[PDB]
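First, the structure itself, so that you have it in front of you.
A, B, C, D, E and F label the chains in the order they appear, each numbered from 1.
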């Protein structure tokens, strides 16, 4: 038993390690997409720069939890990382959906985590997640919410011209 | 027999002169294209600046070999330069294809050249071509690989609007 | 079959995907170590900054191959990532050994890869790995070679004072 | 028939294409000389820089006509380029003569061209060649006129010392 | 047996030590020449600055190998250094020849070394010598190739005036 | 007989050449040490930078005499250079001793040289060595005098910790 451990219940320590594992899995997914659009048969450049940029941050989140895990004197158990579900994402529009479909799952997990954090009556963990995460995932959803709408309204995938113009006048 | 000639076999000296002649022929082709798009019946400006810019570099390659040819104390025999195959390139998309169709031939020649350079066991020529060329032609192919794809996906040549917008939002 | 594929044999494409998977696995290992030394029961700070810094680069290597994989028009198959072998690294000195023990395996794989790259007579892949990797792994080994020696000679782990002083006067 | 064609007679369009072909042929000649003096058995450096520099400009002339050819809405037919006459130029002095012998031929052609341009009563073509060319070829001749004289008076080729000193104190 | 030794065969380690010994011997030769031209009975100043400058670099080469020898965990055996062959070099022109005669021997040795490096299938040593040496010795030969030619053509040694003027207008 | 030779006796000219040969031999010794400490089984970095730095200066001394040898119009005879005595120096402390043991021999030779310079009554050579050497070798001895003492007092070689700390807090 560590000397700095105070008011930290052995249940949460099992929850975080499921949270962290989820993060890295997410960051591993984007990495797969961001190089898919670099293939010569698709060749939308900025999508690479956009998604690849996502990957770096979701890593830092994952890194940031581990930094917290020690501050309360917990331990770190790591599990294996699963590969993505689908290798061929097949189009720009279809890509964002699964991406959007990914975030809400992540946001879904955190809600239960704050709920669990209330029962044990650990305030420090309440306010923490009330700060560095919940406020972020909202803005991320809203942003992807738009890009999905615009492409659908513009007529993609059916007209490739929609995808191309959307590249330069938004992500440029 | 020159005084600086060492471990340089009389076979390669016949290969280079076929390589150099190929280069200038290439640089002479681009020159024809880059002024074709300047005609008033086509009038896509940046294509001129793009291809004309290609011409200058493929010349330097050709120039760079000759600078090597003397460093090993070889000789330089020049042959005549053939005109291009087709004068009317007829469209933007059709232009890139023959252009792409041109590079792979050039890349095809160099491979055999490095192969020949291995048999005679001349290391200097191995590492040289392993450096200043093979790595370039790859990136050139990949680049033209994209521009072909985008235009085809955007619906050119059939819709001229595809070609025009592609001018400003890429080569600008 | 892609349009840019030239002189790229279907065997290598299966080798790279085993190489890439190895890299990410490596970068995932360091990540585990670099936060192990942050625990309050060990608390050697710079080791964190040192290993964490390693992790970022070995990622870029992994990223750099994928960038090559498309330039030759291959494909990318991803597998799952295994967890590290040992969670408790137990000491500073014992940490470096397994770390050093890790690199030589990586260097061992690349040698066979260049060997395989010679049989198919693909020059581009020869000179590439002859450049951006083989020269790096040497310097990395030599560096870890020293740090292992110094600690052993200074009398660590048996005297913790050896580890501590070695922190500030080297990694600072 | 192009829409911008005005007062441009089908005879001149056949003359220009003989003019352009002549230019590139000239620029291809200098290129051969400028690397001849780089051989180790001659090794006069600045001659390389001097002639190589000539090559670039005579190219621009050739390029400049084509830019005129479209402004009047003509067409561009390209022919093959002949190799130079003599591969071994054998000495510095003998080199300049054939070079000087080359220019006057070029100047000879333009005179007939302006003469032909007067008969058809095309003013635009009169004043053009009266400007960007005729005034240049004069100064070029006069310059080479001197270098021939100085070397002959100094006693070259018979005394190599004449050639060498002439390198540094003139072209430097 | 060192801990960092990997895929390094005991034959090469015997070759390098013959290579290094050759280098220092070379650097010791130039040193003798560069002070020979300082004698009052010859008194060509810049030759001193030129050759003395050569000596410093060929030392660094020698130093650079030793820095490689440890990176692969070899050992270093040093032998004695022989004095030069001829003390009185007797003239400027005759000096360069023996100098040129020296380099090609050095270049001759390296070729066999890369050949030996291919049999053992050590890639790291292949690409290394393919880089930091073979490309240098070429340019060095070509340079001395010229200076020999110019002096011979100018009429040295027979006319001392040739040597003197060649000092200021080249090495200055 | 040279024209600038004045009051320079044929005995000294034989002494200098024994002095110069001694210098280069010294500079060749340090070179061996300074790369010995770079081996992975020792790995004390600054010792390399320290001794390697010594080598450069003792070379300049050797170079400086030769520049004197001509000013009096002597001649230069070079002999072969012997290899060092012991390849494995085995420890830091033991290294300095043989190093210190080396200098005093050098200082021992110069004393006899100034003594010989007094008999022939050559003042120029008296004051010269009274200046650029004798005052240097003193300070060099005193410096190595300390480093030997400190290590011995600190308990090296027996405690490696002594050597290591002495690296950073002195030669850094």
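Please note the rule applied: a residue touches a chain if its C-beta (ideal position, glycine included) is under 8 Å from a C-beta of that chain, and two chains touch if they have at least 3 such contacts.
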item: Interface copy of B-C among A-B, C-E or A-C, judged by whether over half of the contact pairs recur; value: C-E
item: Which of A-B and A-C has more C-beta contact pairs; value: A-C
item: Distance from subunit F to subunit D - Cα centre to Cα centre, in angstrom; value: 66
item: Length of the line joining the C-alpha centres of subunit E and subunit F, rounded to whole Å; value: 26
item: Inter-centroid spacing, subunit E versus subunit D (mean Cα positions, whole Å); value: 44
item: Set of subunit A residues in contact with two or more other chains; value: 40-41
item: List of subunit F residues in touch with subunit E within their complex; value: 2-4, 28, 32, 35-36, 38-41, 66-67, 70, 73, 76-84, 87
item: In the complex with subunit C, residue positions of subunit F that touch it; value: 40-43, 45, 159-161, 164-165, 168
item: Subunit B residues within the subunit A interface of the complex; value: 142, 145-146, 149-150, 153-155, 162, 165-166, 169
item: Contact set on subunit B toward subunit C in their complex; value: 100, 104, 107-108, 111, 114-115, 127, 129-131, 134-135, 138-139, 141-142, 145, 148
item: Subunit B - residues contacting subunit E, complex; value: 3-4, 6-7, 70-73, 121, 123-124, 126-128, 130
